[PDB]
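query.cif follows; it contains mmCIF, C-alpha atoms and all ligand atoms.
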data_final
#
loop_
_atom_site.group_PDB
_atom_site.id
_atom_site.type_symbol
_atom_site.label_atom_id
_atom_site.label_comp_id
_atom_site.auth_asym_id
_atom_site.auth_seq_id
_atom_site.Cartn_x
_atom_site.Cartn_y
_atom_site.Cartn_z
ATOM 1 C CA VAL A 1 -39.925 171.912 -45.261
ATOM 2 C CA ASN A 2 -37.847 168.906 -46.332
ATOM 3 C CA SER A 3 -37.447 165.380 -44.967
ATOM 4 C CA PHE A 4 -34.000 166.228 -43.543
ATOM 5 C CA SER A 5 -34.500 165.730 -39.805
ATOM 6 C CA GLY A 6 -32.178 166.457 -36.905
ATOM 7 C CA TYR A 7 -29.756 168.864 -38.589
ATOM 8 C CA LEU A 8 -28.004 171.798 -36.931
ATOM 9 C CA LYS A 9 -28.275 175.056 -38.860
ATOM 10 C CA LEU A 10 -24.852 176.607 -39.476
ATOM 11 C CA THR A 11 -25.801 179.422 -41.883
ATOM 12 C CA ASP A 12 -28.705 180.560 -44.021
ATOM 13 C CA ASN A 13 -28.093 177.640 -46.404
ATOM 14 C CA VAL A 14 -25.709 175.142 -44.720
ATOM 15 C CA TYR A 15 -26.838 172.450 -42.268
ATOM 16 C CA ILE A 16 -24.941 169.601 -40.563
ATOM 17 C CA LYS A 17 -25.751 166.278 -38.876
ATOM 18 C CA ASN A 18 -23.757 163.489 -37.221
ATOM 19 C CA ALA A 19 -24.750 160.607 -39.492
ATOM 20 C CA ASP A 20 -23.510 158.179 -42.121
ATOM 21 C CA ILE A 21 -24.349 159.776 -45.476
ATOM 22 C CA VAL A 22 -25.339 156.292 -46.676
ATOM 23 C CA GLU A 23 -27.955 155.928 -43.937
ATOM 24 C CA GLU A 24 -29.139 159.501 -44.411
ATOM 25 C CA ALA A 25 -29.571 158.849 -48.135
ATOM 26 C CA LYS A 26 -31.527 155.626 -47.570
ATOM 27 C CA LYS A 27 -33.857 157.465 -45.173
ATOM 28 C CA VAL A 28 -34.404 160.724 -47.061
ATOM 29 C CA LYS A 29 -34.045 159.607 -50.705
ATOM 30 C CA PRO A 30 -32.820 163.100 -51.632
ATOM 31 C CA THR A 31 -32.918 164.465 -55.142
ATOM 32 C CA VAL A 32 -29.108 164.675 -55.057
ATOM 33 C CA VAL A 33 -26.533 162.826 -52.961
ATOM 34 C CA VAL A 34 -22.937 163.956 -53.432
ATOM 35 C CA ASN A 35 -20.173 161.374 -53.752
ATOM 36 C CA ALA A 36 -16.589 162.144 -52.740
ATOM 37 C CA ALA A 37 -15.273 160.814 -56.043
ATOM 38 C CA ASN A 38 -11.876 160.488 -57.673
ATOM 39 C CA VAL A 39 -11.157 161.259 -61.329
ATOM 40 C CA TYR A 40 -11.471 157.591 -62.357
ATOM 41 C CA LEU A 41 -14.750 157.054 -60.471
ATOM 42 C CA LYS A 42 -13.088 154.100 -58.705
ATOM 43 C CA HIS A 43 -15.247 153.897 -55.587
ATOM 44 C CA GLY A 44 -12.899 151.906 -53.385
ATOM 45 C CA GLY A 45 -13.170 153.350 -49.895
ATOM 46 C CA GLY A 46 -14.205 156.300 -47.827
ATOM 47 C CA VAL A 47 -17.595 157.778 -48.628
ATOM 48 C CA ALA A 48 -17.376 156.513 -52.222
ATOM 49 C CA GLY A 49 -16.705 152.908 -51.261
ATOM 50 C CA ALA A 50 -19.550 153.047 -48.750
ATOM 51 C CA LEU A 51 -22.055 154.557 -51.198
ATOM 52 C CA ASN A 52 -21.086 152.089 -53.900
ATOM 53 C CA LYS A 53 -21.378 149.122 -51.525
ATOM 54 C CA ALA A 54 -24.879 150.295 -50.597
ATOM 55 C CA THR A 55 -25.828 150.137 -54.314
ATOM 56 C CA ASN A 56 -24.616 146.522 -54.570
ATOM 57 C CA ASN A 57 -21.841 147.755 -56.950
ATOM 58 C CA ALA A 58 -24.353 149.218 -59.444
ATOM 59 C CA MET A 59 -22.755 152.638 -58.961
ATOM 60 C CA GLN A 60 -19.381 151.193 -59.995
ATOM 61 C CA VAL A 61 -20.819 149.429 -63.060
ATOM 62 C CA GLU A 62 -22.482 152.653 -64.211
ATOM 63 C CA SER A 63 -19.317 154.623 -63.473
ATOM 64 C CA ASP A 64 -17.103 152.292 -65.505
ATOM 65 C CA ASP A 65 -19.342 152.824 -68.529
ATOM 66 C CA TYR A 66 -19.228 156.595 -67.956
ATOM 67 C CA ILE A 67 -15.410 156.581 -67.925
ATOM 68 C CA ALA A 68 -15.186 154.296 -70.959
ATOM 69 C CA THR A 69 -17.299 156.816 -72.898
ATOM 70 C CA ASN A 70 -16.067 160.138 -71.508
ATOM 71 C CA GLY A 71 -12.655 159.632 -69.927
ATOM 72 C CA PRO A 72 -11.676 160.809 -66.457
ATOM 73 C CA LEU A 73 -13.109 163.789 -64.665
ATOM 74 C CA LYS A 74 -11.034 166.840 -63.781
ATOM 75 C CA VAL A 75 -9.945 167.495 -60.214
ATOM 76 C CA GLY A 76 -12.504 170.089 -59.149
ATOM 77 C CA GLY A 77 -15.042 168.695 -61.616
ATOM 78 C CA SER A 78 -18.159 166.572 -61.409
ATOM 79 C CA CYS A 79 -20.696 164.501 -63.266
ATOM 80 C CA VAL A 80 -24.331 163.622 -62.594
ATOM 81 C CA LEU A 81 -25.144 159.906 -62.602
ATOM 82 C CA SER A 82 -27.933 157.801 -61.141
ATOM 83 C CA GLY A 83 -28.548 157.780 -57.413
ATOM 84 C CA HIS A 84 -29.617 154.124 -57.654
ATOM 85 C CA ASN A 85 -31.445 153.074 -54.459
ATOM 86 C CA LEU A 86 -30.048 156.026 -52.472
ATOM 87 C CA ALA A 87 -31.262 159.175 -54.258
ATOM 88 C CA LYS A 88 -32.624 160.307 -57.590
ATOM 89 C CA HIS A 89 -29.175 161.468 -58.730
ATOM 90 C CA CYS A 90 -25.614 161.157 -57.506
ATOM 91 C CA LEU A 91 -23.377 164.176 -58.107
ATOM 92 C CA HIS A 92 -19.863 162.718 -58.232
ATOM 93 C CA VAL A 93 -17.534 165.568 -57.225
ATOM 94 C CA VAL A 94 -13.744 165.351 -57.260
ATOM 95 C CA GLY A 95 -12.054 167.352 -54.536
ATOM 96 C CA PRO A 96 -8.265 167.597 -54.536
ATOM 97 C CA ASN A 97 -6.458 164.772 -52.770
ATOM 98 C CA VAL A 98 -3.888 166.352 -50.465
ATOM 99 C CA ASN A 99 -2.018 163.083 -49.945
ATOM 100 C CA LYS A 100 -1.271 163.215 -53.695
ATOM 101 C CA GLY A 101 -0.176 166.859 -53.584
ATOM 102 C CA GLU A 102 -3.183 168.189 -55.502
ATOM 103 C CA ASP A 103 -3.861 171.938 -55.311
ATOM 104 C CA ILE A 104 -6.081 172.609 -52.288
ATOM 105 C CA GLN A 105 -7.362 175.750 -54.016
ATOM 106 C CA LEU A 106 -9.247 173.345 -56.284
ATOM 107 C CA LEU A 107 -11.504 172.628 -53.296
ATOM 108 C CA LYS A 108 -13.429 175.825 -54.004
ATOM 109 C CA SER A 109 -13.927 174.761 -57.632
ATOM 110 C CA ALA A 110 -15.166 171.380 -56.386
ATOM 111 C CA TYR A 111 -17.780 172.967 -54.112
ATOM 112 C CA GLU A 112 -18.942 175.278 -56.928
ATOM 113 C CA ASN A 113 -20.512 172.206 -58.540
ATOM 114 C CA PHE A 114 -23.044 172.145 -55.701
ATOM 115 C CA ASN A 115 -24.501 175.477 -56.900
ATOM 116 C CA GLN A 116 -26.041 173.710 -59.903
ATOM 117 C CA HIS A 117 -28.471 171.908 -57.535
ATOM 118 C CA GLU A 118 -31.076 173.548 -55.321
ATOM 119 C CA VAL A 119 -30.743 171.022 -52.450
ATOM 120 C CA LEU A 120 -28.075 168.377 -51.785
ATOM 121 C CA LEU A 121 -27.030 165.817 -49.208
ATOM 122 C CA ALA A 122 -23.249 165.861 -49.110
ATOM 123 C CA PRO A 123 -20.048 164.847 -47.315
ATOM 124 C CA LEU A 124 -17.075 167.088 -46.613
ATOM 125 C CA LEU A 125 -15.039 167.161 -49.817
ATOM 126 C CA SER A 126 -11.285 166.557 -49.685
ATOM 127 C CA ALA A 127 -11.531 165.490 -46.020
ATOM 128 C CA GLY A 128 -11.423 161.937 -44.706
ATOM 129 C CA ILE A 129 -9.092 159.720 -46.723
ATOM 130 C CA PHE A 130 -8.552 162.600 -49.185
ATOM 131 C CA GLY A 131 -6.253 164.119 -46.559
ATOM 132 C CA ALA A 132 -7.372 167.744 -46.185
ATOM 133 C CA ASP A 133 -8.346 169.488 -42.955
ATOM 134 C CA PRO A 134 -12.114 168.974 -42.425
ATOM 135 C CA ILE A 135 -12.442 172.324 -40.630
ATOM 136 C CA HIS A 136 -11.073 174.007 -43.753
ATOM 137 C CA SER A 137 -13.388 171.985 -45.989
ATOM 138 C CA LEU A 138 -16.449 173.083 -44.004
ATOM 139 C CA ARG A 139 -15.312 176.710 -44.256
ATOM 140 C CA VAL A 140 -14.844 176.527 -48.036
ATOM 141 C CA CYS A 141 -18.271 174.900 -48.266
ATOM 142 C CA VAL A 142 -19.954 177.706 -46.318
ATOM 143 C CA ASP A 143 -18.118 180.383 -48.308
ATOM 144 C CA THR A 144 -18.781 178.802 -51.735
ATOM 145 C CA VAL A 145 -22.100 176.950 -51.772
ATOM 146 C CA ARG A 146 -25.173 179.168 -52.049
ATOM 147 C CA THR A 147 -27.758 176.425 -52.547
ATOM 148 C CA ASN A 148 -29.145 174.377 -49.653
ATOM 149 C CA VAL A 149 -26.609 171.823 -48.466
ATOM 150 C CA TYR A 150 -27.150 169.182 -45.793
ATOM 151 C CA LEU A 151 -23.776 167.896 -44.631
ATOM 152 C CA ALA A 152 -23.562 164.434 -43.073
ATOM 153 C CA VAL A 153 -20.464 163.678 -40.994
ATOM 154 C CA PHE A 154 -20.250 160.120 -39.669
ATOM 155 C CA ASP A 155 -17.390 160.574 -37.170
ATOM 156 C CA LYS A 156 -18.886 161.866 -33.923
ATOM 157 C CA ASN A 157 -15.669 163.349 -32.546
ATOM 158 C CA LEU A 158 -15.076 165.219 -35.798
ATOM 159 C CA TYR A 159 -18.683 166.424 -35.902
ATOM 160 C CA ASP A 160 -18.276 167.796 -32.375
ATOM 161 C CA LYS A 161 -15.060 169.583 -33.351
ATOM 162 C CA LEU A 162 -16.652 170.968 -36.525
ATOM 163 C CA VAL A 163 -19.573 172.414 -34.570
ATOM 164 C CA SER A 164 -17.557 173.707 -31.625
ATOM 165 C CA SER A 165 -15.125 175.702 -33.776
ATOM 166 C CA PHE A 166 -17.554 177.260 -36.252
ATOM 167 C CA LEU A 167 -18.703 180.743 -35.144
HETATM 168 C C1 LIG B 201 -15.375 162.664 -45.225
HETATM 169 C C2 LIG B 201 -15.077 162.546 -43.722
HETATM 170 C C3 LIG B 201 -14.712 163.938 -43.185
HETATM 171 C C4 LIG B 201 -16.307 161.940 -42.956
HETATM 172 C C5 LIG B 201 -15.941 161.698 -41.448
HETATM 173 O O1 LIG B 201 -16.966 160.937 -40.852
HETATM 174 N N1 LIG B 201 -16.741 160.707 -43.571
HETATM 175 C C6 LIG B 201 -18.046 160.337 -43.750
HETATM 176 N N2 LIG B 201 -19.007 161.315 -43.753
HETATM 177 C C7 LIG B 201 -20.297 160.935 -43.944
HETATM 178 N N3 LIG B 201 -20.783 159.706 -44.106
HETATM 179 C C8 LIG B 201 -19.805 158.774 -44.089
HETATM 180 N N4 LIG B 201 -20.058 157.412 -44.243
HETATM 181 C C9 LIG B 201 -18.812 156.746 -44.167
HETATM 182 C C10 LIG B 201 -18.787 155.305 -44.265
HETATM 183 C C11 LIG B 201 -19.888 154.432 -43.985
HETATM 184 C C12 LIG B 201 -19.439 153.127 -44.142
HETATM 185 N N5 LIG B 201 -18.095 153.248 -44.482
HETATM 186 N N6 LIG B 201 -17.685 154.551 -44.552
HETATM 187 C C13 LIG B 201 -17.842 157.699 -43.971
HETATM 188 C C14 LIG B 201 -18.421 158.990 -43.923
HETATM 189 CL CL CL B 202 -13.258 159.139 -45.915
#
Show this structure as structure tokens.
Amino acid sequence: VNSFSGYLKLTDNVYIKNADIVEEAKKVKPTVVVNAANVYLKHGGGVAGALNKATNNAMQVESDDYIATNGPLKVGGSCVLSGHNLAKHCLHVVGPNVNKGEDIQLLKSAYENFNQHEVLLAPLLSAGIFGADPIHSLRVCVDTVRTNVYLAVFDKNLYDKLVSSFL
């Protein structure tokens, strides 16, 4: 039993809750929170901007040093950094940005990063301001992630649509 409370079970390993991932992270302090990152780790808006704001910009400072040392991530790739005050670790995962014409097939590669962690709190990758269909993102998640994933979706109307259309 974990500290994740109030989730709906979708499959053997995938769970979902109508909540701000930031607030869920502050409450649970999970081992891993996933950030919906871009290749430059510029956490300007969406989930990333919200997570970074909750760290008082410490996530951005750490990220800028990471990029200065290592260069940009790949679309579909990830890196593990500190979770600051939100979690032990933050897994920064880059889903394809559909508004920029990036290959949506890279969404599966992005979700594969989750399999390196036994339990994660996560948003829907490539959805939101990244422009992809959230119903599709949830499907790729369920069909790719084999570890235990707790999905937080802040938008109530979207959450309702995600649940209603699942089985
Ligand atoms: C990725 C989308 C499908 C999904 C739709 O809700 N976005 C989120 N999911 C989970 N937690 C979230 N927190 C915020 C937030 C909080 C303060 N500013 N922005 C957005 C957001
Ligand atoms: Cl978003």
Residues within 6 Å of ligand CL 202 (chain B), counting all atoms listed in the file, as a tab-separated table (two decimals) with C-alpha atoms, in the coordinates of the input:
chain	number	residue	atom	x	y	z
A	46	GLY	CA	-14.20	156.30	-47.83
A	47	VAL	CA	-17.60	157.78	-48.63
A	128	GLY	CA	-11.42	161.94	-44.71
A	129	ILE	CA	-9.09	159.72	-46.72
Matched chain/residue IDs from the PyMOL selection byres (((chain A and resi 14-21) around 9) and not hetatm), as a VMD selection string: chain A and resid 5 to 13 22 to 26 33 47 50 to 51 121 to 123 141 to 142 145 to 156 158 to 160 163
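Checking A:27, A:88, A:53, A:42 one by one against ligand LIG 201 (chain B), counting only C-alpha atoms and all ligand atoms, you find the shortest gap at A:53.
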Using all atoms listed in the file: which of A:68, A:1, A:48, A:104 has the shortest distance to ligand LIG 201 (chain B):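 Between A:68, A:1, A:48, A:104, the residue approaching ligand LIG 201 (chain B) most closely is A:48.
Take the candidates A:81, A:86, A:36, A:28 and check each one against ligand LIG 201 (chain B) using all atoms listed in the file; the shortest distance goes to A:36.
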Residue nearest ligand LIG 201 (chain B) - candidates A:43, A:89, A:74, A:29, atoms counted: all atoms listed in the file: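 The closest residue to ligand LIG 201 (chain B) is A:43.
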Residue 92 in chain A environment, 8 Å, only C-alpha atoms, sequence neighbours closer than 4 positions dropped, as a list in words: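 That gives residues 34, 35, 36, 37, 41, 78, 79, 80 and 81 of chain A.
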Option closest in space to residue 99 in chain A, from A:87, A:58, A:132, A:124 [counting only C-alpha atoms]: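 Closest residue, counting only C-alpha atoms: A:132.
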d(atom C1 of ligand LIG 201 (chain B), CA of residue 127 in chain A) in Å: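 Pair atom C1 of ligand LIG 201 (chain B) / CA of residue 127 in chain A returns 4.8 Å.
Going from CA of residue 109 in chain A to CA of residue 125 in chain A covers 11.0 Å.
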Return the padded bounding box of range 27-34 of chain A as lines of an AutoDock Vina configuration file: axis-aligned, built from all atoms listed in the file, 6 Å added on each side, with centre and edge lengths in Å to one decimal.
center_x = -28.7
center_y = 161.1
center_z = -50.2
size_x = 23.5
size_y = 19.2
size_z = 22.0
Near-residue 72 in chain A list (6 Å; all atoms listed in the file; drop same-chain fewer than 3 positions) as a PyMOL selection string: chain A and resi 39-40+67
Close residues, residue 100 in chain A itself excluded, 12 Å, only C-alpha atoms, min 2 positions apart in chain, as a list in words: residues 38, 75, 95, 96, 97, 98, 102, 103, 104, 126, 129, 130, 131 and 132 of chain A
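Between ligand LIG 201 (chain B) and the residues A:49, A:44, A:30, A:71, the shortest atom-to-atom distance, using only C-alpha atoms and all ligand atoms, involves A:49.
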